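S.K.: Before we start, here is the structure in question, set down as C-alpha cells.
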Amino acid sequence: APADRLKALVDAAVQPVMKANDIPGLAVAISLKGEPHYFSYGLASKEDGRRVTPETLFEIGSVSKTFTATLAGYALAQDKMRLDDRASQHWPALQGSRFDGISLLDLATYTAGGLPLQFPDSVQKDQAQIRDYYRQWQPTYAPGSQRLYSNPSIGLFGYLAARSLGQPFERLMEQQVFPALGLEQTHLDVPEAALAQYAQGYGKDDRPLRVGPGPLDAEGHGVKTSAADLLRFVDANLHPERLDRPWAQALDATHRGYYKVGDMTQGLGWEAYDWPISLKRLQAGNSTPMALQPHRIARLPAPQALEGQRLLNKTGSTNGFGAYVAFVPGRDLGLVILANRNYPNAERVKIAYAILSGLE
Ligand SMILES: *[B]([O])([O])[C]([C]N1[C]=C(C([O])=O)N=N1)[N]C(=O)[C]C1=[C][C]=[C]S1
C-alpha cells in the first residue's frame with residue numbers, strides 16, 4: 001500500500017537521525033501532489049511526557065526570515081518600498097549614517113558590508129540601543145560585494161519594510177500576514193491559551209531552553225508554529241496564484257534570486273539549488289562555513305526566477321530547536337521537519353534528502 005511505503009520511507013529517514021542526535025521530538029509534514037501527510041515522533045516535553053503531534057508548536061528560528069521576506073514582498077507589491085531604496089529613506093534616525101549607502105536588497109541578502117551574525121551582546125532588545133547600533137555601524141567592505149549571513153542585516157530589512165507600511169512589524173505579521181496566509185497556529189508571541197501545545201526545547205547541554213528576548217528577534221528568528229501550519233505556508237509558496245493577488249505577488253517576490261555563492265542562489269529569505277543535486281552539495285550549501293564566513297557573491301545580471309527544477313530551502317534554529325523547510329516548485333513537493341533540539345543542519349538535510357529522493 002502507498003501509505004505503508006510512505007511511512008516506511010519517512011521512518012527510515014527520521015528514526016536513525018533522532019537516535020544519533022538525541023532528538024526528543026520531531027514532526028514531519030509532507031505536501032505531495034496536493035495532499036498533506038503527517039508523521040510525528042517522540043516527545044514535545046520529556047518532563048511531562050506530552051507527545052509531538054502535527055499541532056505541536058516549535059520554535060523555527062531563522063525559518064522566520066521567509067515570513068519576514070513575505071511581509072517585505074507585500075510592501076514591494078503595495079509600492080511602499082523598492083529593493084534599490086537606500087535604508088535611510090525608511091528611517092530618519094539612519095540619515096547621515098552609513099545606511100545612506102546601503103540598499104534594502106543589501107540588507108535582505110546579507111551584503112550590506114559585514115553586519116555580523118548576531119547583534120553584539122552589548123545591544124539589548126531596546127529601541128534606542130538598536131537605533132544607536134545602526135547609526136554607528138561602518139562596513140568592513142563595500143556594500144553589495146560579500147555575503148555574511150546576518151540577523152541584524154535581514155532584521156533591519158524587516159523593520160524597514162514594516163516602517164514603509166506605517167505599522168510595527170509584529171502587528172503587521174499578526175493582523176495582516178498570518179491571516180492572509182490562513183495561519184491560525186503561527187505566532188510571534190504564543191498566547192497563554194496555546195501554551196499546552198508549545199514544545200520544550202533541549203540545549204546542547206540537554207538543559208531546557210525556549211528563546212529569550214533579543215533585538216529584532218521577531219524579524220530574524222521569532223516565529224513559533226506547528227508542522228501543519230508551516231506546511232500550509234509551504235503550500236502557499238508552491239501555489240501563490242491561490243491567494244488574493246497582493247499576497248500572491250508577495251510570495252512571488254520571495255522566489256527571485258539575486259546572486260550565487262557556490263551551488264546556492266540567494267532570494268529574499270529562501271535559498272535555492274538546482275534539483276537534482278547531490279546530498280553532499282545540499283549539505284555544503286547549508287554548512288557552518290556558509291553561515292559564518294564572508295563569501296564573494298556572483299551577482300546575476302537580472303533576478304532569476306526560483307522555480308522549476310529547483311529546491312528552495314531554509315534552516316532555522318534557536319538554543320533548543322532545529323527546523324528545516326524545503327520545496328520543489330516544479331514537482332508540487334514540500335517538506336517540513338521541526339525538532340526540539342538544535343541538531344546539525346547537515347542531519348536535517350540528510351532526513352529531507354532521503355524523503356524527497358523517495359517521493360521522486
Ligand atoms: B538562524 O536560525 O539562522 C539564526 C542563527 N543561528 C545560530 C545558530 C546556532 O548557533 O546553531 N543556528 N542558527 N538563529 C538565531 O539567531 C536564534 C538563536 C540561535 C541559537 C540561540 S538563539
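Just remember, in the C-alpha cells the first chain shown is A, the second B, etc., residues are 1-based per chain, and ligands are 1-based in the order shown.
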Do you know which residues are within 10 Å of ligand 1 using only C-alpha atoms and all ligand atoms? Can you write them as a ChimeraX atom specification?
M.R.: /A:59-65,117-119,149-152,203-204,209-214,217,220-222,286,288,291-292,314-324,342-345
S.K.: Find the residues near residue A:102: any atom within 10 Å, counting only C-alpha atoms, skip ones fewer than 6 places away on the same chain, and give them as a JSON list (two decimals) with N, CA, C and O atoms, in the first residue's frame.
M.R.:
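around.json written:
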```
[["chain", "number", "residue", "atom", "x", "y", "z"],
["A", 84, "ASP", "N", 15.96, 48.82, -4.35],
["A", 84, "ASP", "CA", 17.16, 49.68, -4.54],
["A", 84, "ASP", "C", 17.02, 50.96, -3.70],
["A", 84, "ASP", "O", 17.93, 51.81, -3.79],
["A", 85, "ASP", "N", 15.97, 51.11, -2.90],
["A", 85, "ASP", "CA", 15.91, 52.24, -1.94],
["A", 85, "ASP", "C", 17.10, 52.13, -0.98],
["A", 85, "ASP", "O", 17.47, 51.00, -0.56],
["A", 86, "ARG", "N", 17.70, 53.26, -0.61],
["A", 86, "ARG", "CA", 18.71, 53.29, 0.49],
["A", 86, "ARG", "C", 17.97, 53.14, 1.82],
["A", 86, "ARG", "O", 16.87, 53.71, 1.98],
["A", 87, "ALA", "N", 18.54, 52.38, 2.76],
["A", 87, "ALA", "CA", 17.89, 52.02, 4.04],
["A", 87, "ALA", "C", 17.45, 53.30, 4.75],
["A", 87, "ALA", "O", 16.36, 53.30, 5.35],
["A", 88, "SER", "N", 18.26, 54.37, 4.68],
["A", 88, "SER", "CA", 17.93, 55.59, 5.45],
["A", 88, "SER", "C", 16.71, 56.32, 4.87],
["A", 88, "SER", "O", 16.16, 57.19, 5.58],
["A", 111, "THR", "N", 24.40, 41.44, 2.24],
["A", 111, "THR", "CA", 25.53, 42.04, 1.51],
["A", 111, "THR", "C", 25.75, 43.50, 1.88],
["A", 111, "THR", "O", 26.40, 44.22, 1.11],
["A", 112, "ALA", "N", 25.31, 43.96, 3.04],
["A", 112, "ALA", "CA", 25.48, 45.38, 3.43],
["A", 112, "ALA", "C", 26.94, 45.71, 3.76],
["A", 112, "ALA", "O", 27.21, 46.91, 3.83],
["A", 113, "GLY", "N", 27.83, 44.73, 3.93],
["A", 113, "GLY", "CA", 29.27, 45.00, 4.15],
["A", 113, "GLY", "C", 29.76, 44.50, 5.49],
["A", 113, "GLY", "O", 30.62, 45.15, 6.09],
["A", 139, "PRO", "N", 30.61, 49.62, 7.47],
["A", 139, "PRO", "CA", 31.04, 48.45, 6.71],
["A", 139, "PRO", "C", 32.53, 48.10, 6.81],
["A", 139, "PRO", "O", 33.37, 48.96, 6.94],
["A", 142, "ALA", "N", 32.80, 46.91, 0.78],
["A", 142, "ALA", "CA", 31.81, 47.65, 0.01],
["A", 142, "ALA", "C", 30.47, 46.91, 0.08],
["A", 142, "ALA", "O", 30.39, 45.72, -0.14],
["A", 143, "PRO", "N", 29.39, 47.64, 0.38],
["A", 143, "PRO", "CA", 28.05, 47.10, 0.18],
["A", 143, "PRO", "C", 27.88, 46.49, -1.21],
["A", 143, "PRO", "O", 28.32, 47.07, -2.21],
["A", 144, "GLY", "N", 27.29, 45.30, -1.24],
["A", 144, "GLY", "CA", 26.95, 44.58, -2.47],
["A", 144, "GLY", "C", 28.00, 43.59, -2.91],
["A", 144, "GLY", "O", 27.76, 42.89, -3.89]]
```
S.K.: DSSP on the backbone: which residues in stretch 269-310 of chain A end up as helix (DSSP H, G or I)? Give the answer as a ChimeraX atom specification.
M.R.: /A:279-285,288-292
S.K.: Would you put the residues from that selection into a file with N, CA and C atoms, as a PDB file, in the first residue's frame?
M.R.:
```
ATOM      1  N   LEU A 279      23.436  15.104  -2.259  1.00  0.00           N
ATOM      2  CA  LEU A 279      23.222  15.390  -0.824  1.00  0.00           C
ATOM      3  C   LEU A 279      24.422  16.154  -0.295  1.00  0.00           C
ATOM      4  N   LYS A 280      25.640  15.732  -0.599  1.00  0.00           N
ATOM      5  CA  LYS A 280      26.821  16.434  -0.060  1.00  0.00           C
ATOM      6  C   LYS A 280      26.792  17.907  -0.494  1.00  0.00           C
ATOM      7  N   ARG A 281      26.361  18.221  -1.710  1.00  0.00           N
ATOM      8  CA  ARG A 281      26.346  19.641  -2.144  1.00  0.00           C
ATOM      9  C   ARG A 281      25.260  20.430  -1.382  1.00  0.00           C
ATOM     10  N   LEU A 282      24.112  19.814  -1.134  1.00  0.00           N
ATOM     11  CA  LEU A 282      22.999  20.483  -0.415  1.00  0.00           C
ATOM     12  C   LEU A 282      23.450  20.680   1.023  1.00  0.00           C
ATOM     13  N   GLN A 283      24.161  19.715   1.601  1.00  0.00           N
ATOM     14  CA  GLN A 283      24.734  19.896   2.949  1.00  0.00           C
ATOM     15  C   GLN A 283      25.756  21.041   2.926  1.00  0.00           C
ATOM     16  N   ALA A 284      26.641  21.083   1.936  1.00  0.00           N
ATOM     17  CA  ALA A 284      27.683  22.122   1.892  1.00  0.00           C
ATOM     18  C   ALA A 284      27.070  23.524   1.772  1.00  0.00           C
ATOM     19  N   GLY A 285      25.987  23.678   1.020  1.00  0.00           N
ATOM     20  CA  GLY A 285      25.308  24.982   0.928  1.00  0.00           C
ATOM     21  C   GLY A 285      24.698  25.426   2.237  1.00  0.00           C
ATOM     22  N   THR A 288      28.279  25.162   8.150  1.00  0.00           N
ATOM     23  CA  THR A 288      28.700  26.176   9.139  1.00  0.00           C
ATOM     24  C   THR A 288      29.548  27.242   8.459  1.00  0.00           C
ATOM     25  N   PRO A 289      30.548  26.912   7.616  1.00  0.00           N
ATOM     26  CA  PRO A 289      31.295  27.954   6.909  1.00  0.00           C
ATOM     27  C   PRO A 289      30.416  28.862   6.037  1.00  0.00           C
ATOM     28  N   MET A 290      29.379  28.322   5.406  1.00  0.00           N
ATOM     29  CA  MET A 290      28.467  29.155   4.582  1.00  0.00           C
ATOM     30  C   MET A 290      27.770  30.174   5.482  1.00  0.00           C
ATOM     31  N   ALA A 291      27.400  29.774   6.692  1.00  0.00           N
ATOM     32  CA  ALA A 291      26.658  30.624   7.644  1.00  0.00           C
ATOM     33  C   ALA A 291      27.581  31.638   8.323  1.00  0.00           C
ATOM     34  N   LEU A 292      28.856  31.309   8.535  1.00  0.00           N
ATOM     35  CA  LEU A 292      29.706  32.077   9.481  1.00  0.00           C
ATOM     36  C   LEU A 292      30.793  32.892   8.798  1.00  0.00           C
TER      37      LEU A 292
END
```
S.K.: Run DSSP on the backbone and grab whatever in stretch 113-342 of chain A lands in strand (DSSP E or B); send it over as a short mmCIF file (atom, residue, chain, number, x, y, z; two decimals) with C-alpha atoms, in the first residue's frame.
M.R.:
```cif
data_model
loop_
_atom_site.label_atom_id
_atom_site.label_comp_id
_atom_site.auth_asym_id
_atom_site.auth_seq_id
_atom_site.Cartn_x
_atom_site.Cartn_y
_atom_site.Cartn_z
CA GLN A 146 30.28 39.90 0.10
CA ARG A 147 27.59 37.80 1.77
CA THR A 186 1.54 30.59 13.89
CA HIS A 187 2.76 33.13 16.44
CA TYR A 198 4.39 24.71 22.97
CA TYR A 202 16.62 20.97 24.71
CA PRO A 208 15.73 23.22 28.85
CA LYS A 224 6.57 29.56 16.66
CA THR A 225 4.34 27.30 14.55
CA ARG A 256 13.66 35.70 -7.11
CA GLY A 257 17.43 35.06 -6.93
CA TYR A 258 19.91 37.98 -6.91
CA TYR A 259 23.33 36.25 -6.76
CA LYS A 260 25.05 32.88 -6.35
CA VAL A 261 27.53 31.58 -3.77
CA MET A 264 23.24 28.34 -3.74
CA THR A 265 21.18 31.18 -5.31
CA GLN A 266 20.08 33.75 -2.71
CA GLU A 271 17.95 29.89 -0.63
CA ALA A 272 17.77 27.80 -3.83
CA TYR A 273 19.63 24.93 -5.53
CA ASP A 274 19.35 23.16 -8.86
CA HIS A 295 31.78 34.82 0.63
CA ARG A 296 32.24 36.91 -2.51
CA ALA A 298 28.45 36.25 -8.21
CA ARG A 299 25.74 38.85 -8.98
CA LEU A 300 23.09 37.87 -11.56
CA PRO A 301 22.56 40.40 -14.40
CA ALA A 302 18.78 40.15 -13.76
CA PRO A 303 16.90 38.40 -10.94
CA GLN A 304 16.45 34.67 -11.63
CA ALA A 305 13.05 33.00 -11.12
CA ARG A 310 14.99 23.77 -8.12
CA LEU A 311 14.85 23.09 -4.42
CA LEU A 312 14.14 26.12 -2.19
CA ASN A 313 15.07 25.72 1.47
CA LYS A 314 15.74 27.39 4.79
CA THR A 315 17.31 26.17 8.03
CA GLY A 316 16.38 27.73 11.34
CA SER A 317 17.42 27.23 14.96
CA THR A 318 17.17 28.56 18.49
CA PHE A 321 15.12 23.88 18.47
CA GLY A 322 16.09 22.88 14.92
CA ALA A 323 13.84 23.40 11.89
CA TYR A 324 14.18 22.79 8.15
CA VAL A 325 11.85 23.51 5.22
CA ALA A 326 12.35 22.52 1.58
CA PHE A 327 10.15 22.53 -1.51
CA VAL A 328 10.47 21.76 -5.22
CA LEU A 333 6.51 18.74 -3.42
CA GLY A 334 7.13 20.24 0.01
CA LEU A 335 8.65 19.15 3.32
CA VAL A 336 8.78 20.50 6.92
CA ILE A 337 10.94 18.94 9.67
CA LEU A 338 10.58 20.52 13.16
CA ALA A 339 12.58 19.27 16.17
CA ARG A 341 16.94 20.05 19.60
#
```
S.K.: Determine the nearest neighbour of residue A:58 from the options A:104, A:236, A:161, A:188, counting only C-alpha atoms.
M.R.: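 Between A:104, A:236, A:161, A:188, the residue approaching residue A:58 most closely is A:188.
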S.K.: May I ask for the distance between atom CA of residue A:169 and atom CA of residue A:268, given in Å to one decimal place?
M.R.: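 Distance between the two atoms: 16.6 Å.
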S.K.: If you count only C-alpha atoms, which residues fall within 12 Å of stretch 16-19 of chain A, apart from same-chain ones fewer than 2 positions away, as a VMD selection string?
M.R.: chain A and resid 10 to 14 21 to 27 40 to 43 322 337 to 352 354
S.K.: Tell me, in Å to one decimal, how far atom CA of residue A:255 is from atom CA of residue A:91.
M.R.: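 If I compute the distance from atom CA of residue A:255 to atom CA of residue A:91, I get 26.6 Å.
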S.K.: From the set A:2, A:45, A:33, A:230, which residue has the shortest atom-to-atom contact distance to residue A:330, counting only C-alpha atoms?
M.R.: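 Checking each candidate against residue A:330, we get A:33 as the closest.
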S.K.: Determine, counting only C-alpha atoms, which protein, DNA and RNA residues have an atom within 7 Å of an atom of residue A:108; residues of the same chain fewer than 5 positions away are not included. Present the result as a PyMOL selection string.
M.R.: chain A and resi 153-154+157+268
S.K.: Find the spatial neighbours of residue A:3, counting only C-alpha atoms, within a cut-off of 12 Å - ignore same-chain residues fewer than 3 positions away - and output them as a list in words.
M.R.: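 Listing them by chain and then by number gives residues 6, 7, 8, 9, 10, 36, 37, 38, 39 and 359 of chain A.
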S.K.: Store the residues picked out above, limited to N, CA, C and O atoms, as a compact mmCIF listing (two decimals), in the first residue's frame.
M.R.:
```txt
# COMPACT_ATOMS: atom_id res chain seq x y z
N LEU A 6 5.10 5.05 2.22
CA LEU A 6 5.43 6.43 2.67
C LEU A 6 5.90 6.38 4.13
O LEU A 6 6.92 6.98 4.48
N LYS A 7 5.15 5.69 4.97
CA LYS A 7 5.53 5.66 6.40
C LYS A 7 6.89 4.96 6.53
O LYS A 7 7.70 5.43 7.33
N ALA A 8 7.15 3.92 5.76
CA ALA A 8 8.46 3.24 5.87
C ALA A 8 9.58 4.18 5.42
O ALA A 8 10.63 4.16 6.09
N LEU A 9 9.37 4.95 4.35
CA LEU A 9 10.36 5.93 3.83
C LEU A 9 10.67 6.98 4.89
O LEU A 9 11.85 7.28 5.19
N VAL A 10 9.63 7.53 5.50
CA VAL A 10 9.84 8.63 6.45
C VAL A 10 10.46 8.07 7.73
O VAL A 10 11.40 8.67 8.24
N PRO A 36 -1.60 16.52 1.96
CA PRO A 36 -0.72 16.57 3.12
C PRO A 36 -0.61 15.20 3.81
O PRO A 36 -1.58 14.40 3.86
N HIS A 37 0.58 14.93 4.33
CA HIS A 37 0.87 13.72 5.11
C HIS A 37 1.65 14.14 6.34
O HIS A 37 2.60 14.94 6.23
N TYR A 38 1.31 13.60 7.49
CA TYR A 38 1.97 13.95 8.76
C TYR A 38 2.55 12.73 9.44
O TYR A 38 1.91 11.68 9.49
N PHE A 39 3.73 12.89 10.00
CA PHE A 39 4.41 11.84 10.79
C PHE A 39 4.97 12.53 12.01
O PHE A 39 5.74 13.48 11.86
N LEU A 359 10.18 10.26 -2.64
CA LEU A 359 8.91 10.75 -3.23
C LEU A 359 9.14 10.84 -4.75
O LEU A 359 8.21 10.51 -5.49
```
S.K.: Would you kindly return, as a PyMOL selection string, each protein, DNA or RNA residue with an atom no farther than 8 Å from any atom of residue A:228, considering only C-alpha atoms and excluding same-chain residues fewer than 2 positions away?
M.R.: chain A and resi 29+38+54-55+226+230-232
S.K.: Next, the residues of the selection above should be written as a PDB file, in the first residue's frame with C-alpha atoms.
M.R.:
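Result written to again-v1.pdb:
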```
ATOM      1  CA  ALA A  29       4.784  17.291   7.279  1.00  0.00           C
ATOM      2  CA  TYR A  38       1.967  13.955   8.757  1.00  0.00           C
ATOM      3  CA  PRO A  54       1.126  17.919  13.869  1.00  0.00           C
ATOM      4  CA  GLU A  55      -0.281  20.756  16.083  1.00  0.00           C
ATOM      5  CA  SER A 226       3.104  23.743  14.058  1.00  0.00           C
ATOM      6  CA  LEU A 230       4.258  25.515   8.355  1.00  0.00           C
ATOM      7  CA  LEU A 231       3.150  23.078   5.593  1.00  0.00           C
ATOM      8  CA  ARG A 232       0.209  25.452   4.822  1.00  0.00           C
TER       9      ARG A 232
END
```
S.K.: Using only C-alpha atoms, tabulate the residues of stretch 136-173 of chain A lying at most 12 Å from any atom of stretch 123-130 of chain A, each with its closest atom pair and that distance in Å to one decimal, by chain and increasing residue number, as JSON lines.
M.R.:
```
{"residue": "A:136", "atom": "CA", "partner": "A:130", "partner_atom": "CA", "distance": 10.3}
{"residue": "A:137", "atom": "CA", "partner": "A:130", "partner_atom": "CA", "distance": 10.8}
{"residue": "A:152", "atom": "CA", "partner": "A:130", "partner_atom": "CA", "distance": 9.2}
{"residue": "A:155", "atom": "CA", "partner": "A:130", "partner_atom": "CA", "distance": 10.7}
{"residue": "A:156", "atom": "CA", "partner": "A:130", "partner_atom": "CA", "distance": 9.5}
{"residue": "A:159", "atom": "CA", "partner": "A:130", "partner_atom": "CA", "distance": 10.9}
{"residue": "A:168", "atom": "CA", "partner": "A:127", "partner_atom": "CA", "distance": 12.0}
```
S.K.: Could the residues in this selection be written to a file with C-alpha atoms, as a short mmCIF file (atom, residue, chain, number, x, y, z; two decimals), in the first residue's frame?
M.R.:
```cif
data_model
loop_
_atom_site.label_atom_id
_atom_site.label_comp_id
_atom_site.auth_asym_id
_atom_site.auth_seq_id
_atom_site.Cartn_x
_atom_site.Cartn_y
_atom_site.Cartn_z
CA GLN A 136 27.40 53.94 14.48
CA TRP A 137 27.96 50.82 12.29
CA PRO A 152 20.97 42.50 12.13
CA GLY A 155 16.27 42.12 10.76
CA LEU A 156 16.69 45.72 9.66
CA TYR A 159 11.96 46.53 10.40
CA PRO A 168 5.06 47.83 13.79
#
```
S.K.: Nearest residue to residue A:145 out of A:122, A:254, A:109, A:175, using only C-alpha atoms?
M.R.: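 Result for the nearest residue to residue A:145: A:109.
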